[PDB]
Amino acid sequence: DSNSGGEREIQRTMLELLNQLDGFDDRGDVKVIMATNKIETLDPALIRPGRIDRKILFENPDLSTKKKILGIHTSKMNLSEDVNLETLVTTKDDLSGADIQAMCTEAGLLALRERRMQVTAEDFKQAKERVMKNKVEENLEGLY
Amino acid sequence: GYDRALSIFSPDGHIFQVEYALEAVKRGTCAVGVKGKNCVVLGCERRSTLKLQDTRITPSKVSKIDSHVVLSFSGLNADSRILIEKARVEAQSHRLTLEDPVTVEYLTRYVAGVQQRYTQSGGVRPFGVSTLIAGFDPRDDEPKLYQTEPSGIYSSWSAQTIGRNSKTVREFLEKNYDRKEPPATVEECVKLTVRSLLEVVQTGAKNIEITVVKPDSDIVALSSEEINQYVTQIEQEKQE
Amino acid sequence: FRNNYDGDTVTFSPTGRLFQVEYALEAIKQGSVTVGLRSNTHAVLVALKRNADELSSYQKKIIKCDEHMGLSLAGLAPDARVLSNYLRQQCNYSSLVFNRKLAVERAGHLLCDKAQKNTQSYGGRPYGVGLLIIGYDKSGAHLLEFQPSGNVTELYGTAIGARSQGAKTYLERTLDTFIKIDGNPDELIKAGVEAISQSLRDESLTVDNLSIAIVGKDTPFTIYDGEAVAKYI
Amino acid sequence: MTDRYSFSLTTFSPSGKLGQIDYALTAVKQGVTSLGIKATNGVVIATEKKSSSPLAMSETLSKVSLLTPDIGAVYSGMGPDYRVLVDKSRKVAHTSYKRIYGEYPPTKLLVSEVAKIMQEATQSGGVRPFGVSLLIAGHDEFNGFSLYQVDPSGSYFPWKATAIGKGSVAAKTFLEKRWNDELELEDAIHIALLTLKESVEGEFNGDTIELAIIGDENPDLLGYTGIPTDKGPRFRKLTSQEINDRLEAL
Amino acid sequence: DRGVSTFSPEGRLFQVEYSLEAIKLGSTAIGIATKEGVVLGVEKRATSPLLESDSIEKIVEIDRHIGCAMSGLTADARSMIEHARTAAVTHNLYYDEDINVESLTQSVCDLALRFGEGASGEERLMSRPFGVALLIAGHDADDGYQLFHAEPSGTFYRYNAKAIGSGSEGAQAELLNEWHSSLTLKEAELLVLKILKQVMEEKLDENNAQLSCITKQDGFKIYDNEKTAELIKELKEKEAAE
Amino acid sequence: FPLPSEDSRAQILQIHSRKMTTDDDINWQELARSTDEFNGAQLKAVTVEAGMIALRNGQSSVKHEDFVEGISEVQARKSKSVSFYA
Amino acid sequence: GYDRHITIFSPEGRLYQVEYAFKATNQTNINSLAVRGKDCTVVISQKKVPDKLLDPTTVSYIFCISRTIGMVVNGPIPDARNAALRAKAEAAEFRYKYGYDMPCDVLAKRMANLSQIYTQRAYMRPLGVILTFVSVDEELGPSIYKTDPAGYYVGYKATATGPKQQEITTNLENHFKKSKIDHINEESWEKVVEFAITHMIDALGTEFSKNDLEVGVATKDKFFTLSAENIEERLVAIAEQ
Amino acid sequence: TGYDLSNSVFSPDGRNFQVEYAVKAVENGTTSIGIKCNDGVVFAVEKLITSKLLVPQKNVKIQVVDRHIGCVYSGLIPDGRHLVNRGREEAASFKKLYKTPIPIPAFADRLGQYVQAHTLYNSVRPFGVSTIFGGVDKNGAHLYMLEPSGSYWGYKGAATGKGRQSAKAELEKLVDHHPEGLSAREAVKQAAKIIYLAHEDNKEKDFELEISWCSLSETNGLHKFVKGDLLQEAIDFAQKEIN
Amino acid sequence: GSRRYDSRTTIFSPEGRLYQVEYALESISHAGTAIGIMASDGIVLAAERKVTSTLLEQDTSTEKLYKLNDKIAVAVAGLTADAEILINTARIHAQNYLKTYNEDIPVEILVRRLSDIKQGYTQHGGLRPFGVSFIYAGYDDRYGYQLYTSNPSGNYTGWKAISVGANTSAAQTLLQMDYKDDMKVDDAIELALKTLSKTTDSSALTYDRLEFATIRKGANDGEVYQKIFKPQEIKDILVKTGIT
């Protein structure tokens, strides 16, 4: 809204990053790394083949690596006797790294409002179920 | 007459609107088709996670086009219901005109033609559902497992899955099911079918439905209590 | 001017002349060149036959509509097949009802209405194919050029294709030549060979390119190829 | 002959409701204020005529037409669309009923057919919806007195007392406080004259006001009585001269 | 729009011009037209050992003496195949004689050269331009064995050696040298397998490679998995000495 | 200022070649018809490319064939990857 | 924006295309005057005078639809002849289904609905003309119905069009208030025609000759149009007063 | 603005741009004129010579409706030819049902609704050419020009194309020449001179003269093309005036 | 993705859902809440109404409560006008099976026909889908009582207790918490009234704003009894259940 640029900004911007690698030859020093959500809609010239020879794809971590992230945030957390770390990892399905610490934050605030030392297992159960479905519960149409 | 069909043709030769019909498989419920020596088994996934949902009155993804032929699909139930109705009308028309039973190879040519005719012609949107047609040839016990893609092409597969995480399940099919020596026993084909559904259903019971097709027009669906009998044996094999 | 005005055949220009008419002429220049002429006795059409590689068969540009008539396609392939089949029925419809062969002057009038139907209504592809229609009737030899706009104009001779100005200029030197020549098809055939050579860049002079078809009071329309056209070449 | 998407009925509002409905209710909201009231012994409807040019004749434009005289009608909506709708409503009411049952059409069946006409304009692409707001007031022997309001959206609902127009928001409160279910037809006519007057007070006479009521069957309005069993027309349109007689006594 | 109704100012079209991309992205189809009959072959491109190569076919038999090689989208090509089978039999209904392969290819193109829906004076069976191309072969009593190329855009051409698909540009340069009018039946079969193996990254076996021939005596014969593997072994013996 | 005609292009092409070295065997009346609808700038490029052809081949003078070769170039719509044609 | 070019409703809930239908009505800038008398109907329309290369007799804004029926159109002339043939077709077909003279009130209803169908269709555009139908009815006598291009119709004592219609409507409004009657005295239709010319000249402020105007006349069981000699004869008796 | 992008759209000026641009398209074509006499009409058109390869006096833009009516037009040739063929079926259909030739003032009535319908439908393209027609009917001499907007009026003279107004200067002189109007044969020599006068700015290209007329006092109401000594006499008269 | 393209029904979104469909249930959610309840001894149907005006007559008119036949009785949640054609078409198809086969139509035969009607607009033609939520309460001997829910889709899903319209997730939570495996009819009436009270912003929950229709064989004196309950009887039920 505030800063637009019009249709002419697309040509002078995306091609300016190309003119940095295309307009200069630097053997060993400058290493340009580009990152965004979707690189497909970008200009194939902006990709500048031959400078970037490696394509790295991102995927969500599996259940084996979730215990390493969960154990760090729960290292300073007081857990009850009925709370198991293997249960929260199995419940998580298609979640990012910030979603692991989100359930620990939500379950920690529930016991903080009630002033409890060890967080009860009921807070962990309500955290993993709620954070699972919040924004989009249904496909809204058909089964897909 | 509405439009010519699909404009712009896409730059890559495959229209995005046609690609959206193919990419619709990678999200919705998974259906793992398999076949053995003497029979064929088509697995399906119906989500019971929603509470107060009656699973008895809700038909599963398995539909019988012919006495010896069934059909399994993953996608929109509305677009697939037409594929079920139009196939059964042709299934009866084939038995009316030629007096012979429904040919598994010929039936898929018409079902793929339904999605083809609506995709080629204009004004009609292409279907976003893919169906797995499995049946037995007349006077033959060898199962035939085919597939009808919304792009208008058909292909045969020994073991093929449709649904989310299909690439992971496809690796489970190649590393276990062997085209040269498939499992002869029915119990082995049912247990390995549920194991393929464990990567999607993720430890569930009512979400797994197994349908076994036997020759001489014999088709029975395993009850929820009978499915848990095979799942119990799978849980014992995980610790081994 | 992509889209905006003139992007559709219905939308006009601010000047009033639709640019789609002028853009349809560019399709003729992209196709093969076809040179033709006539006289008071016979008529000769010289069409160039190209291909992709040596293994590619040379496409024949001359399509036979009638026994006494002939045409050539310098334009798009699909647009001519609809017109060639339409004019094919008109020759038999005139022989079935009126019993008279389709007149070359009357063929251009009915063909003029077929090209407007795409521009008059919405949708479809307009006809930009160059067509040189010849024939022999009791009125003599006639050659009527078909423009991509649909206009039909009779000429002693003309050429349609890439750089057609070179072949049209040679017809100005010979303007007093082929008209006075009567009953001598040899000089009429040699006039078409030197006419197309001026426009061409001299790619291949062999006999698999030039296609010569002649019609007259004695010999009817006949497509010559191979050793038939190898006499003059 | 079909041109591309010209049947497109894609327009939709971000709220989910049809945008054609909101733009239709907006135009009627600014229009002339009509009203209607269903009383115990009768039903009264009233509206203000259109002035426009001072040389225009009020007898030419009639905002109350007649389908069959068991039912009255009044519209605050599109003027031209009313003539087309009545022409189609009669042909549907005659074909689906009078060509079968050969009698006066009932109120419940007639309103359901009028709602389909407004739907066919919305269902068929390229045709704009009817911007008319109709008040269908009729009296039958089953439901008795019935007053229905057909919105341009295509749906109908019954109303004891309702008003449509510029003062429709203010008249809705006036009909609640002033009018009650215990009031009869004579009590509703005086309220209809006061509520309609509060909209435009420029001219309160009967020349710009068209008043019509559905009363008991009148044998003189039918033109013939050979059968004592056959009921006369229940709909009677009041003369503008008769309207001024009630204004002096009001 | 930029469709068939919108004509480009440069003298070309949009939708149909891009249809050549689907041809260039198709499977490799190689064939050679000689006096001893045409030897056709394609690449079925098995994407997994669970795929059954006998059920899927990229080579369809239109007639006993006439057959085609389908490389492209199977959906758009199957509609032309049903019209090709109908037209070939319809010609035998009014004639009952061996039809010219060029005449049969033209009859297939008669439906294949028209597209769209709205038309003033004629019905439209098709709808959208198809991006599939086929190689039609056959034999007659006039010009002998002929090999064509099915183009939905323009008029078909007669090609002695033609390659389409992903290996079109790669195999086209090889057909301008090794091809000769004296190539026998055995030399033609070994040359197709030699060129197809080079343009193919995977291994050469009977699963991903299926060939067929059109002759006068046997008509159109499909090479089974047993004979195709024998022809591959003959290629290995020739490559071992070279 | 429309495009020069036959006799108009012949005099323009002759002036730009006055500073070159030829065998005087060149007839510009044939080259004027070889040039089809060329502006004043497209005519000047003819004499420029004509000298470059004889320069790379080691020719002492510019013959008539160098002018024809210099005018011919693709540009236009040539080298068509488009469908149809036929 | 696109909201002006669409046939469906606008963001204001009011169609702009209906308003644009009146833009073409002022192209000719013709001021028509038609009043309702006792036994007769007088219609006077301005006839634009072109150069000497055109025939002023062939130029007319008034056409004969049927017996006793006539129509004056203010707007596009080429769009008027297309609408004139529609009214003539419905006039003859009405008598075949009934057999009595077609009244003017019904003729204004048919042409209004047909012009309204064009408003609903996404292809056919509405008529940008003004349909004013005049005749002498059997029961209702002289009547004038002015049909709007969007399908609205209402009767007028004295109709007026063009940019100067405010001068004609106001000058004839006070004239009807003094007599308190919509009709005109002198039942003979000869002087009634002359009464409309004087009121038109005083309202427009310019005296027009016989070639600057055309006068339609609607009588009982007859319809005709005054020629150049009849219109000139009217100005003779008006000049003497 | 955006009113010209879609067909049949009401502009704030009251007329569509495509209808306005259709009138300007007539000036891009050849100039055709006409003369309305007492007992008949005279038509004079102009055909441009593309090059020396054109065959003299073969293609005739003058069309004849039945035997009693001539038809000429200007601007786009193919767009005007379809309108002629439309009137051919209408003049024949009227002769079949009513057993009588079609009158001239009503001949534009059938084509008036036809051309008007092309300015209404969206998918249908309006006509961009002007058409002049005339002849001798039972009502005598009549001349009418059909505008691309679908309007026509009685015309004592006809002019269209690029030189239309250059012809109007000469056509208005015939009114001052005689109050009754020139004769049928006298108008042939005057219509030829106008063609040479309107070509003064057109001298970049050549032209050929084509004249046709229909009169009751000569052919008894039969349209005939000028040929023989009558053509050479009109050319020699116009050649001496332009000197 | 970047630009939102909604033009024709053939155009597909990168999410795979037609933008015309995005507003189908959101317009239904904008309307009242219709909650069906399938029990062992019958089926209880309860739905509120969108009209907030007091002058409107809610006693003699049922907006969301309709009766297709003596057995199948449904509830329309969505646009009232656009559903009028599909309801009469359902009554035509219901009589077609009864005309030919001389037998009452079951639920499955009626749902399969009404399913293709919704898809008929989205599949072929440039028309629009009419968003409607059908709650099917039928009667069947084979499967017993059947309860289905039809979105503007063309598919059906079986449900013991379903909730559509406004507060879909809020009302479904109250149903799954108080759900009982026994599920009598009188208990189904209490769970229907208590759920609509918390979802509706009005705490009084007047009788005229509710549609109470119960299909039950467990009525008084142990007999099968079917009735369309007037608001006069609804007011007495709200007092017995403790709502008023």
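Residues 2-245, in that order, are what chain I shows, numbered as in Swiss-Prot.
We read in the header that electron microscopy, 4.5 Å was used to get this structure.
Each residue, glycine too, has its Cβ placed from N, Cα and C.
If you look up Swiss-Prot, you'll see I:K100 (among others) marked as ubiquitin cross-link, on the strength of a large-scale study or a structure entry. A helical conformation is recorded for I:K100 (ubiquitin cross-link) in the three-state DSSP classification.
Taken from Swiss-Prot, the feature ubiquitin cross-link covers I:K199 (among others). DSSP assigns I:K199 (ubiquitin cross-link) to a helical segment in the three-state reduction.
Residues annotated as ubiquitin cross-link in Swiss-Prot: I:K231 (among others). In the three-state DSSP classification, I:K231 (ubiquitin cross-link) falls within coil. Using a 10 Å Cβ-Cβ cutoff, I:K231 (ubiquitin cross-link) registers 13 neighbours.
Working note on the recorded sites I:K100, I:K199: by count of other C-beta atoms within 10 Å of each C-beta, I:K199 ranks first. It is 45 Å from the Cα atom of I:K199 (ubiquitin cross-link) to that of I:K100 (ubiquitin cross-link).
Taking the Cα atom of each, I:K100 (ubiquitin cross-link) and I:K231 (ubiquitin cross-link) are about 31 angstrom apart.
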